[PDB]
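*Asks:* Sharing entry.pdb below, PDB, C-alpha atoms:
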MODEL        1
ATOM      1  CA  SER V   1     123.218  87.551  54.227  1.00  0.00           C
ATOM      2  CA  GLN V   2     121.835  90.221  56.557  1.00  0.00           C
ATOM      3  CA  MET V   3     122.326  93.993  56.448  1.00  0.00           C
ATOM      4  CA  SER V   4     124.267  93.680  59.707  1.00  0.00           C
ATOM      5  CA  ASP V   5     126.887  91.712  57.770  1.00  0.00           C
ATOM      6  CA  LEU V   6     126.947  94.062  54.777  1.00  0.00           C
ATOM      7  CA  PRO V   7     128.963  97.330  54.904  1.00  0.00           C
ATOM      8  CA  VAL V   8     127.248 100.720  55.101  1.00  0.00           C
ATOM      9  CA  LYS V   9     128.455 103.826  53.265  1.00  0.00           C
ATOM     10  CA  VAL V  10     128.914 107.182  54.985  1.00  0.00           C
ATOM     11  CA  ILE V  11     129.421 110.874  54.247  1.00  0.00           C
ATOM     12  CA  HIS V  12     131.888 113.130  56.056  1.00  0.00           C
ATOM     13  CA  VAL V  13     130.869 116.739  56.691  1.00  0.00           C
ATOM     14  CA  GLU V  14     134.305 117.950  57.783  1.00  0.00           C
ATOM     15  CA  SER V  15     135.905 116.656  54.577  1.00  0.00           C
ATOM     16  CA  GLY V  16     132.830 116.175  52.406  1.00  0.00           C
ATOM     17  CA  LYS V  17     134.164 112.793  51.281  1.00  0.00           C
ATOM     18  CA  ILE V  18     131.795 109.845  50.854  1.00  0.00           C
ATOM     19  CA  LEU V  19     132.972 106.390  51.927  1.00  0.00           C
ATOM     20  CA  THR V  20     131.524 103.480  49.945  1.00  0.00           C
ATOM     21  CA  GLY V  21     130.654 100.083  51.389  1.00  0.00           C
ATOM     22  CA  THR V  22     134.158  99.072  50.323  1.00  0.00           C
ATOM     23  CA  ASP V  23     135.988 101.475  52.658  1.00  0.00           C
ATOM     24  CA  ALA V  24     133.131 102.183  55.068  1.00  0.00           C
ATOM     25  CA  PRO V  25     132.842 100.152  58.314  1.00  0.00           C
ATOM     26  CA  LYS V  26     130.565  97.142  58.773  1.00  0.00           C
ATOM     27  CA  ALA V  27     127.061  97.464  60.216  1.00  0.00           C
ATOM     28  CA  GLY V  28     128.260  95.793  63.404  1.00  0.00           C
ATOM     29  CA  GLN V  29     131.255  98.077  63.946  1.00  0.00           C
ATOM     30  CA  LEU V  30     129.697 101.134  62.280  1.00  0.00           C
ATOM     31  CA  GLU V  31     128.543 102.552  65.618  1.00  0.00           C
ATOM     32  CA  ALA V  32     132.104 102.389  66.935  1.00  0.00           C
ATOM     33  CA  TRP V  33     133.524 103.778  63.696  1.00  0.00           C
ATOM     34  CA  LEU V  34     131.148 106.745  63.669  1.00  0.00           C
ATOM     35  CA  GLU V  35     131.765 107.402  67.361  1.00  0.00           C
ATOM     36  CA  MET V  36     135.521 107.462  66.760  1.00  0.00           C
ATOM     37  CA  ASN V  37     135.223 109.300  63.441  1.00  0.00           C
ATOM     38  CA  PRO V  38     132.830 112.225  64.123  1.00  0.00           C
ATOM     39  CA  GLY V  39     131.368 114.200  61.237  1.00  0.00           C
ATOM     40  CA  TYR V  40     130.283 111.168  59.223  1.00  0.00           C
ATOM     41  CA  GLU V  41     126.702 110.150  58.434  1.00  0.00           C
ATOM     42  CA  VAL V  42     124.941 107.083  57.023  1.00  0.00           C
ATOM     43  CA  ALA V  43     124.754 107.326  53.231  1.00  0.00           C
ATOM     44  CA  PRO V  44     121.660 106.419  51.143  1.00  0.00           C
ATOM     45  CA  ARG V  45     121.253 103.009  49.506  1.00  0.00           C
ATOM     46  CA  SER V  46     120.980 102.158  45.809  1.00  0.00           C
ATOM     47  CA  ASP V  47     117.482 100.664  45.885  1.00  0.00           C
ATOM     48  CA  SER V  48     115.140 103.433  44.736  1.00  0.00           C
ATOM     49  CA  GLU V  49     111.765 102.785  43.105  1.00  0.00           C
TER      50      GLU V  49
ENDMDL
END
Would it be possible to restate this file's structure as structure tokens?

*Replies:*
Amino acid sequence: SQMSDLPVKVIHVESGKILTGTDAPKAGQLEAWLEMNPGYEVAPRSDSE
């Protein structure tokens, strides 16, 4: 699968809540979700070194 198919987490500044890939929007509809829900930001992954 591609990242575009996998969900991307986000962090809200107005509420401070962090949405996980489970509740967060998909990579394809993320742009629309963020545009509609202002204050959110792409959260970091769980890769690390």

*Asks:* Using all atoms listed in the file, determine which residues lie at most 9 Å from segment 17-20 of chain V, disregarding the query and same-chain residues fewer than 5 positions distant; provide the list as a PyMOL selection string.

*Replies:* chain V and resi 7-12+25+40+43

*Asks:* What would the selection look like, as a list in words, if the PyMOL selection byres ((chain V and resi 37) around 12) were run on the coordinates I just shared?

*Replies:*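 Selected by the PyMOL selection byres ((chain V and resi 37) around 12) here: residues 10, 11, 12, 13, 14, 15, 24, 25, 29, 30, 31, 32, 33, 34, 35, 36, 38, 39, 40 and 41 of chain V.
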
*Asks:* Restricting the calculation to all atoms listed in the file: of V:23, V:47, V:16, V:28, which residue gets closest to residue 4 of chain V?

*Replies:*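 The shortest atom-to-atom distance to residue 4 of chain V comes from V:28.
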